[PDB]
S.K.: 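If you scroll down you'll find the structure; I have some questions about it.
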Amino acid sequence: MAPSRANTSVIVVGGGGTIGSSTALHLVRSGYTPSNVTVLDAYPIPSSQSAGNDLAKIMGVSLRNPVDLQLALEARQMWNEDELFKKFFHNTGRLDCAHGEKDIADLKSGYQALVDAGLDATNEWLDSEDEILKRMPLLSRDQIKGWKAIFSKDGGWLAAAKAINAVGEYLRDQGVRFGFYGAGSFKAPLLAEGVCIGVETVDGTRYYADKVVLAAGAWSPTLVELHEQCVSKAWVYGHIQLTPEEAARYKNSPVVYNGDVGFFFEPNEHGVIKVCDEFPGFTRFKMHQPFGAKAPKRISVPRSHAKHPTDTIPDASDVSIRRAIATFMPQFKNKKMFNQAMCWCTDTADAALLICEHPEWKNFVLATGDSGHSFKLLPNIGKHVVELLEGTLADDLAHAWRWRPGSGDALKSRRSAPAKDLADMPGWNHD
Ligand SMILES: Cc1cc2nc3c(=O)[nH]c(=O)nc-3n(C[C@H](O)[C@H](O)[C@H](O)COP(=O)(O)OP(=O)(O)OC[C@H]3O[C@@H](n4cnc5c(N)ncnc54)[C@H](O)[C@@H]3O)c2cc1C
Ligand SMILES: [Cl-]
Ligand SMILES: [Cl-]
Ligand SMILES: [Cl-]
Ligand code: NA
Ligand code: NA
């Protein structure tokens, strides 16, 4: 007879990443026996190639629809109040800025949506250079001519690697089982007459459990057949070094974001500032056969920086990140950029998550579709994956997250354009 919580075993594939580690965290917190939880990943938690594993990330701009609202609020509560996560959230505030008549109009209606969702207390509209420089004087009046902004008091950045590592340490201490590398890289579900009973990894190690969760990020559509519900894309970052004097000047600075430029935020403990641009992402299409598809298909397969650490970023991304520096930090415009790299995410057509049982395999549950904006949900997203496993997922979440092949083009998703492909963007490959 099929089990209580204490007797239920769960494998989390990709449990070294954002959604996976959250899932393992909430299994244990909700009272699964730790030894009954297995975390499998290609790399040790925090996984080298996890989009959530770098020294610092920003919370980022919320999406403006009610499910994302509720998730981001859940997350915010936990980043403020959860003893595990609190210490890694740096509540510097955020400026979401815009320039151009269309962009500013969209920013303003976005602002109104926030007011109308009841976030008026923590968001203010800034309608001049002066009001923006008040919130961050270190911005350049020349550069932000005619900018307007939303300032969010609740915004900030996240010691992301440190957070996932704290989760990993907690899982470890509690007695979660780990397999990494050959013993952690998913190859295929184990199936008994149409029902999933485990997974086999690349090196042929077999694991058995009552539930399997595929939280494999950008790799999810490469591992099992998803009929293009998820299309995986790379974004880019670089770093600049500030002197101790400069770093101290920039300390406690808000996150600054502009959708036409990119973002940056305060330097870390080592006086390093991370800079990103904003763009529709890059695919890397090639032939690959997920499991559960008759035949190899052209799909976007991440080019992993962990597998290929000599990779950088396309020349065009160097140019766009440079432009961001020159706009945000004109006085640093000559600083050398280092540790430029790509991180991989996976887009759904509607940019909502894909968290559902796989129609073909009972007890095989997808938890992916992160759509380039889910790191903020590290604290909370696992709770809802567990809910799904337990049949208790709220209706609206289950709906937003449901299986939905053929329901839109994820290559474009909600971005401004279909992603370009790395094959056509020179300068990242240094083999
Ligand atoms: C530059 C950049 C800026 C971003 N900005 C923001 C932001 O401001 N705010 C925000 O909320 N989000 C942001 N995102 C997105 C955020 O990083 C992701 O949405 C989130 O981290 C993805 O979570 P995930 O668990 O789906 O994937 P990941 O964290 O990448 O985890 C997937 C895991 O699966 C593992 N895996 C892969 N293949 C296998 C296999 N065969 N077997 C076992 N395991 C496997 C991987 O090793 C990895 O650990 C940003 C991302 C990038 C790259
Ligand atoms: Cl932010
Ligand atoms: Cl300076
Ligand atoms: Cl490759
Ligand atoms: Na990293
Ligand atoms: Na200034």
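Hydrogens, waters and symmetry mates are skipped; everything else that's a heavy atom, side chains included, is used. Counting starts at 1 for both ligands and their atoms, following the listed order. This chain uses plain numbering: 1 for the first residue, then up along the sequence.
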S.K.: For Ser152 and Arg94, which I'm curious about, is there any donor-acceptor pair between the side chains at under 3.5 Å?
M.R.: yes
S.K.: Under a 4.0 Å N-O cut-off, is there an ion pair linking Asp103 with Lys148?
M.R.: no
S.K.: Can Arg414 and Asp350 be counted as an ion pair, charged N to O under 4.0 angstrom?
M.R.: no
S.K.: Go through ligand 1 atom by atom and flag the ones less than 4.0 Å from a non-hydrogen atom of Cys345.
M.R.: 15 (C), 51 (C)
S.K.: Do the charged groups of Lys274 and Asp54 touch, with an N to O distance under 4.0 Å?
M.R.: yes
S.K.: Taking both backbone and side-chain atoms of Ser50, is any N or O found less than 3.5 Å from an N or O belonging to ligand 1?
M.R.: yes
S.K.: Could you identify the single nearest non-hydrogen protein atom to atom 43 (C) of ligand 1 and state the distance to 0.1 Å?
M.R.: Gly184 O, 3.2 Å
S.K.: For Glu74 and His384, test the side chains for any donor-to-acceptor distance below 3.5 angstrom and give the result as yes or no.
M.R.: yes
S.K.: How far does CH2 of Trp147 sit from CZ of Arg141, to the nearest 0.5 angstrom?
M.R.: 13.5 Å
S.K.: What protein heavy atom is closest to atom 34 (O) of ligand 1, reported as residue, atom name and distance in Å?
M.R.: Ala216 CA, 3.3 Å
S.K.: What residue and heavy atom of the protein are closest to atom 25 (O) of ligand 1, and at what distance?
M.R.: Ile19 N, 2.8 Å
S.K.: Going by distance alone, is a donor N or O of one side chain under 3.5 Å from an acceptor N or O of the other, for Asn252 and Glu266?
M.R.: no
S.K.: Between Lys162 and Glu269, is there a salt bridge with N-O shorter than 4.0 Å?
M.R.: yes
S.K.: Heavy atom under 4.0 Å from ligand 1: found in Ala218's side chain, backbone, both, or neither?
M.R.: neither
S.K.: So does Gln49 have any N/O/S atom less than 3.0 Å away from the Na ion (ligand 5)?
M.R.: no
S.K.: Hey, are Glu225 and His227 close enough side-chain-wise for a donor-acceptor pair under 3.5 Å?
M.R.: yes
S.K.: Could you tell me whether the side chains of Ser232 and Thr346 share a donor-acceptor contact shorter than 3.5 Å?
M.R.: yes
S.K.: Looking only at protein heavy atoms, identify the closest one to atom 52 (C) of ligand 1 and say how far it is in Å.
M.R.: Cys343 SG, 2.7 Å
S.K.: May I ask you to check whether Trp403 and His358 place their ring centres under 6.0 Å from each other?
M.R.: yes
S.K.: What pairs with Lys376 under side chain to side chain contact (heavy atoms under 4.5 Å, CB included), at least two apart in sequence or on another chain?
M.R.: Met59, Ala72, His373
S.K.: I want to know if ligand 1 touches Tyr237 in the polar sense, i.e. an N/O pair below 3.5 angstrom.
M.R.: no
S.K.: For ligand 1, find out whether one of its N or O atoms is nearer than 3.5 Å to an N or O atom of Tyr43.
M.R.: no
S.K.: Could you tell me whether some N/O pair between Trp235 and ligand 1 is separated by less than 3.5 angstrom?
M.R.: no
S.K.: Do me a favour and list the nearest non-hydrogen protein atom to atom 31 (O) of ligand 1 with residue, atom name and distance?
M.R.: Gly17 CA, 3.4 Å
S.K.: Examine the side chains of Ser9 and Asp210 and answer whether a donor and an acceptor come within less than 3.5 Å of each other.
M.R.: yes
S.K.: Using 4.0 Å as the upper bound for N to carboxylate O, is an ion pair formed by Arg284 and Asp421?
M.R.: no
S.K.: If you measure from atom 3 (C) of ligand 1 to every heavy atom of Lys57, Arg94, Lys187, which option wins on shortest distance?
M.R.: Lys57
S.K.: Write out the residue and atom name of the closest protein heavy atom to atom 18 (C) of ligand 1, then the distance separating them to 0.1 Å.
M.R.: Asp370 OD2, 3.3 Å
S.K.: Step through it carefully: locate the ring centre of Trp361, locate the ring centre of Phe291, and say whether they are under 6.0 Å apart.
M.R.: yes
S.K.: Can you give each donor-acceptor pair under 3.5 Å made by side-chain atoms of residues 256-264, sequence neighbours left out, with the distance rounded to 0.1 Å?
M.R.:
unit_1, atom_1, unit_2, atom_2, d
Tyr257, OH, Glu278, OE2, 3.1
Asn258, OD1, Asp260, N, 3.0

S.K.: Measure the distance from atom 20 (C) of ligand 1 to every protein heavy atom, then report the residue, atom name and distance (to 0.1 Å) of the closest one.
M.R.: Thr18 OG1, 3.6 Å
S.K.: Numbering the atoms of ligand 1 from 1, which are under 4.0 Å from a heavy atom of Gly16?
M.R.: 49 (O)
S.K.: Distance under 4.0 Å to a non-hydrogen atom of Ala42: what atoms of ligand 1 satisfy this?
M.R.: 43 (C), 44 (N)
S.K.: Just going by heavy-atom distances, which of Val236, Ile58, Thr23, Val39 is nearest to atom 7 (C) of ligand 1?
M.R.: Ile58
S.K.: Can you confirm whether the side chains of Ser185 and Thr201 place a donor and an acceptor under 3.5 Å from each other?
M.R.: no
S.K.: Against heavy atoms of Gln49, which atoms of ligand 1 measure under 4.0 Å?
M.R.: 37 (C), 46 (C), 47 (O)
S.K.: Could you identify the single nearest non-hydrogen protein atom to atom 9 (N) of ligand 1 and state the distance to 0.1 Å?
M.R.: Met59 O, 2.8 Å
S.K.: Which of the atoms of ligand 1 are close to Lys376, meaning less than 4.0 Å from one of its heavy atoms?
M.R.: 9 (N), 10 (C), 11 (O)
S.K.: At less than 4.0 angstrom from any non-hydrogen atom of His373, what atoms of ligand 1 do you find?
M.R.: 10 (C), 11 (O), 12 (N), 13 (C), 15 (C), 19 (O)
S.K.: Kindly identify the option in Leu40, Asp41, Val255 whose heavy atom sits closest to atom 47 (O) of ligand 1.
M.R.: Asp41
S.K.: Which of the atoms in ligand 1, numbered in the order shown and given with their element, are less than 4.0 Å from a heavy-atom of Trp219?
M.R.: 37 (C), 38 (N)
S.K.: Measure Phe186 to ligand 1 on non-hydrogen atoms and call it side chain, backbone, both or neither using the 4.0 Å cut-off.
M.R.: both
S.K.: Which one holds for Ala51 and ligand 1: side chain close, backbone close, both close, or neither close, with close meaning a heavy atom under 4.0 Å?
M.R.: both
S.K.: Which bit of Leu223 gets closer than 4.0 Å to ligand 1, counting heavy atoms only: side chain, backbone, both or neither?
M.R.: side chain
S.K.: Using a 4.0 Å cut-off to any heavy atom of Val13, which atoms of ligand 1 qualify?
M.R.: 42 (N), 43 (C)
S.K.: Would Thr368 count as a polar contact of ligand 1, with the cut-off being nitrogen or oxygen pairs under 3.5 Å?
M.R.: no
